[PDB]
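Just the one chain here, the form solved without the ligand, laid out as structure tokens.
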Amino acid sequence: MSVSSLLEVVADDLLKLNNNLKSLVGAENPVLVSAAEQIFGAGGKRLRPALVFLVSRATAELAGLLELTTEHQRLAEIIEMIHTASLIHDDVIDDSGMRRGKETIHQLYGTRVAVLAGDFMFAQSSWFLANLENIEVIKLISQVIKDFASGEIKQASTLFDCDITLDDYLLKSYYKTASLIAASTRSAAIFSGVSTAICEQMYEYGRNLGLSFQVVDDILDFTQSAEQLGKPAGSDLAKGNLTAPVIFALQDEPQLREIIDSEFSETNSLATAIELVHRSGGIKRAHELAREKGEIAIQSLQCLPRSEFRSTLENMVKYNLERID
């Protein structure tokens, strides 16, 4: 239900990781030392490396491992440096001052330092990954990076495109969010040594968990108020990025299609489009979209013997789904 309650189960793993990543990034360079302390907000309690650590421990216990290997920990750090480096680079690209209230690296230190920091983390991840020496894991993660590129291309290509489908949208959500989680959880399973069936169920756990997460953040950019968000409510819409609440709304509302086609030419037209979303019941079908995603994830975990690890994995799903009531 809470965030810390979930992450306590691997709080120790997460702290070691945060320390290693602060040490590594910010490699006795003054500006990078500050930026690393800023980037890895002490504690290391972030969802993605914690998923790596929970699938790592659940599947390791299932496999007979008494400890997590060096591969599991290099993998949590790969995943975390990739995620962080991509967010820094995404804030430089498409200039963004804030990211969830906190201010970005690009804003604090400037574009030059942000690009250097993201590049450095991407380089470190490339090398860690090469030295895992697992060609299947190297391929999964290279697919995550390639999908970041695909996602940038496809996001720019579909701006204001009212004919985007829900499979198209869910692929953009994959490219953006779900791909890296799915990859990290299949890789955690892979390094634990469990079967291809459990590694595929953990790919599916991670991809449906990451799809639910993306669908629920897509919903909260309508739900949450303009101040609870660092930005106005419905800012993915103002910008041309049609998420699943809008896609569900455009299936029966034509007026919204004329509003988005004009690229919100009329004044007050974004707020008219927002209320057409809240009226269409596209938010509720997006809410159920997220619930169905999360339930495929929870059914994904049934391969795992009962434990505190997969109970925290199921609560990953449940916390996500109760972040939107």
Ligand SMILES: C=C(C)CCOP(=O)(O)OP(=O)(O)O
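One-based numbering along the sequence shown.
Omitted from view is the form deposited with the ligand bound, to which the following refers.
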When the site C-alphas are superposed and the ligand is set in place as seen in the entry with it bound, is this chain open or blocked (3 or more ligand atoms within 2.4 angstroms of backbone or C-beta)?
-> open
Verify the contact flag for residue 191: yes if a non-hydrogen atom of it lies within 4.5 Å of a non-hydrogen atom of the ligand in the entry with it bound, no if not.
-> no
Any of the heavy atoms of residue 287 lying within 4.5 Å of the ligand in the entry with it bound?
-> no
With heavy atoms only and a cut-off of 4.5 Å, decide whether residue 177 touches the ligand in the entry with it bound.
-> yes
Report whether the minimum heavy atom distance between residue 214 and the ligand in the entry with it bound is within 4.5 Å.
-> yes
Partner-proximal stretch of 182-190, 67-75, 214-222, 162-170 relative to the ligand in the entry with it bound, 4.5 angstroms, heavy atom | 214-222
Residue by residue through 93-108, tell me which have a non-hydrogen atom within 4.5 angstroms of the ligand in the entry with it bound.
-> 99, 100
